[PDB]
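Below is one structure, written out as C-alpha cells; comments come after it.
Number of protein chains: 2
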Amino acid sequence: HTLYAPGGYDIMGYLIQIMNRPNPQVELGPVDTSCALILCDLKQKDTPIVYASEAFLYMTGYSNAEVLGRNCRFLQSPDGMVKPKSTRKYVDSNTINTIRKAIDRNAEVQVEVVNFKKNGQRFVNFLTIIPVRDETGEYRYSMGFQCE
Amino acid sequence: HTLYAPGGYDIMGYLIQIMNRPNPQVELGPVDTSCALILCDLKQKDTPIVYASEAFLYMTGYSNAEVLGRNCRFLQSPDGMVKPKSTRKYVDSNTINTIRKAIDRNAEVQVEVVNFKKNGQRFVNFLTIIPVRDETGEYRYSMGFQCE
Ligand SMILES: *[C@@]12=NC3=[C]C([C])=C([C])[C]=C3N([C][C]([O])[C]([O])[C]([O])[C]OP([O])(=O)OP([O])(=O)O[C][C]3O[C](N4[C]=NC5=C4N=[C]N=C5[N])[C]([O])[C]3[O])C1=NC(=O)[N]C2=O
Ligand SMILES: *[C@@]12=NC3=[C]C([C])=C([C])[C]=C3N([C][C]([O])[C]([O])[C]([O])[C]OP([O])(=O)OP([O])(=O)O[C][C]3O[C](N4[C]=NC5=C4N=[C]N=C5[N])[C]([O])[C]3[O])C1=NC(=O)[N]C2=O
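Protein chains in written order, with the authors' numbering: chain B, 37 to 184; chain D, 37 to 184.
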C-alpha cells in the first residue's frame, strides 16, 4: 500500500538517503518534515516540480496545482513569469548560474536567492538542492530545501 | 521553525533507524510530508506523546498543548476522555486489544482504528506503530504513523 505517501513519493526515504549520502558537499543541517521542500524530476525536461509539501506551498503562497509541473524558477519574478535563459530584473544572474551548473553536473548547491510569493511579496530564500538517486543508483530527482 | 528543522527530538533520526530495521513485521510503504507523526516514550508513565508533527495536529484538530504529555488513546473518544483499562463505546475493542498487546511485547502493529477529531468528527485512522530499539537493546521510543 501507499497510504502514507499520497503525494506519490517516498519523501522520507530520499531525506534518509541525503542524510547518509557519501561525502556530503554542502551543510544541510536539521531537516525534519515540517520543512519547506519540493522534489523535481531530473528525468523530465526542465526538471519540473513533481511534489510540493506544505510548508513550501504555505510559504510561497502557491497551491499544489499551481506549482506541480513547473520549474521552480517561476519564484524569481513577482508575477511568476520566468522564462529559461531570460534576465531577472531583481535576482542575481550569477547566483542562478551557480544553481544551474550544479544541477546539470549533479552537484550540490546552497545559495541565498531572491524569490517572490504569489501576491508578489519579495523574500530571501536560503535554498539548497541535493540530487537524489533512485532504487537503481541513477539520479532521477532533486530535493529542494527552501527557507525564508 | 527557523533553519529547516531544529527545535525537537531527533525524529529524522528515528525514521532512519526505523526504515533500516532488518526485521520488518508490518509494511510502512512510502512516506511523505502529509503523514501525521507522533513519537512516544514507552519508558515514561502511560507512554505519553513527547512529539507531534503538524500533520497530526492538523488531522486530529488538536493543538500541541492538547496532545503533548498525553496517551494517544484520548483519540478514541469524541470528547478526548479515554481512561486506561476502560471500555470505549464506538471503537472496535479487538483493534484496541491488538494495539496494547503489540505495545507490551514491543511488536509492530498496523491497524485501522476508530478515532475522533476535536470537533467530534469520526474518522478511520490507518494506524501503524513501530518501536525503536536501543543500542543497548532497550526500547524507549515508539513511532506512530497515522493517516485518515
Ligand atoms: C527553487 N527550488 C528548486 C528546487 C529544486 C528541486 C531544483 C532542482 C531547483 C530549484 N530552484 C532553481 C530553478 O529550478 C532553476 O534551476 C534556476 O532558475 C536556474 O536554472 P535555469 O534553468 O533557470 O537557468 P537560466 O534560465 O539559464 O538562467 C540563469 C541566468 O544566468 C545568465 N547566464 C546564462 N549563461 C551564462 C549566464 N551568466 C553568465 N555566464 C553564462 N555562461 C542568464 O542570462 C540568466 O539570467 C529554485 N529556484 C528558485 O528561485 N527558488 C527555489 O526555491
Ligand atoms: C494513536 N497512535 C499511537 C502512537 C504511538 C507512538 C503509540 C505507542 C500508540 C498509539 N495509539 C494507541 C493508544 O495510545 C493505546 O496504546 C491503545 O489504545 C491500546 O492501549 P490501552 O492502554 O488503551 O489499552 P486498555 O486501556 O488496556 O484497553 C484495552 C481494551 O480491550 C479490551 N480488553 C482488555 N482486556 C481484554 C480485552 N478484550 C478481550 N480479552 C481481554 N483479556 C477492553 O474492552 C479494553 O478497554 C493510538 N491510539 C489511537 O486511538 N490512535 C492513534 O493514532
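By construction, the Cβ of each residue, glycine as well, lies at the ideal position given by its N, Cα and C atoms.
Residue j beta carbon less than 7 Å from that of residue i
i: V67 of chain D; j: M48 of chain B; result: yes
i: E90 of chain D; j: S89 of chain B; result: no
i: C183 of chain D; j: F162 of chain D; result: yes
i: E144 of chain B; j: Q61 of chain B; result: yes
i: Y40 of chain D; j: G65 of chain B; result: yes
i: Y177 of chain B; j: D77 of chain B; result: yes
i: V127 of chain D; j: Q146 of chain D; result: no
i: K154 of chain B; j: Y98 of chain B; result: yes
i: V118 of chain D; j: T131 of chain D; result: no
Classification of residue i by the beta-carbon crowding that lies within 10 angstroms, buried from 16 upward
i: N133 of chain B; result: exposed
i: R109 of chain D; result: buried
i: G156 of chain B; result: exposed
i: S129 of chain B; result: exposed
i: residue 186 of chain D; result: In the structure displayed, chain D extends from 37 to 184; residue 186 of chain D sits before or after that span and is not available.
i: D115 of chain B; result: exposed
i: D46 of chain B; result: buried
i: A101 of chain B; result: exposed
Where residue i sits in the DSSP three-state scheme
i: residue 26 of chain B; result: The structure shown does not extend to residue 26 of chain B, since chain B is modelled only from 37 through 184, so no value can be given for it.
i: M48 of chain B; result: helix
i: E102 of chain B; result: helix
i: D77 of chain D; result: strand
i: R141 of chain D; result: helix
i: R124 of chain B; result: coil
i: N59 of chain B; result: coil
i: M117 of chain B; result: coil
- Task: Taking a Cβ distance cut-off of 8 Å, strictly less, list which residues of the stretch 64–77 of chain D are near chain B, in chain order.
- Result: Listed by position, the residues of the stretch 64–77 of chain D near chain B (Cβ gap below 8 Å) are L64, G65, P66, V67, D68, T69, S70, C71, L73.
- Message: Pairs of beta-carbons, one from the stretch 96–115 of chain B and one from the stretch 73–85 of chain B, closer than 8 Å: are there three or more?
- Response: Contact check between the stretch 96–115 of chain B and the stretch 73–85 of chain B: three or more CB pairs, one atom from each, fall below 8 Å, which counts as touching.
- Task: Pull out every residue of the stretch 107–140 of chain D whose Cβ sits closer than 7 Å to any Cβ of chain B, in chain order.
- Result: Near chain B, meaning a CB-to-CB distance below 7 Å, no residue of the stretch 107–140 of chain D qualifies.
- Contact set between the stretch 152–172 of chain B and chain D, restricted to residues whose Cβ is under 7 Å from the partner: none
- Task: Identify each residue in the stretch 85–103 of chain D for which the Cβ-Cβ distance to at least one residue of chain B is less than 8 Å, and report them in chain order.
- Result: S89, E90, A91
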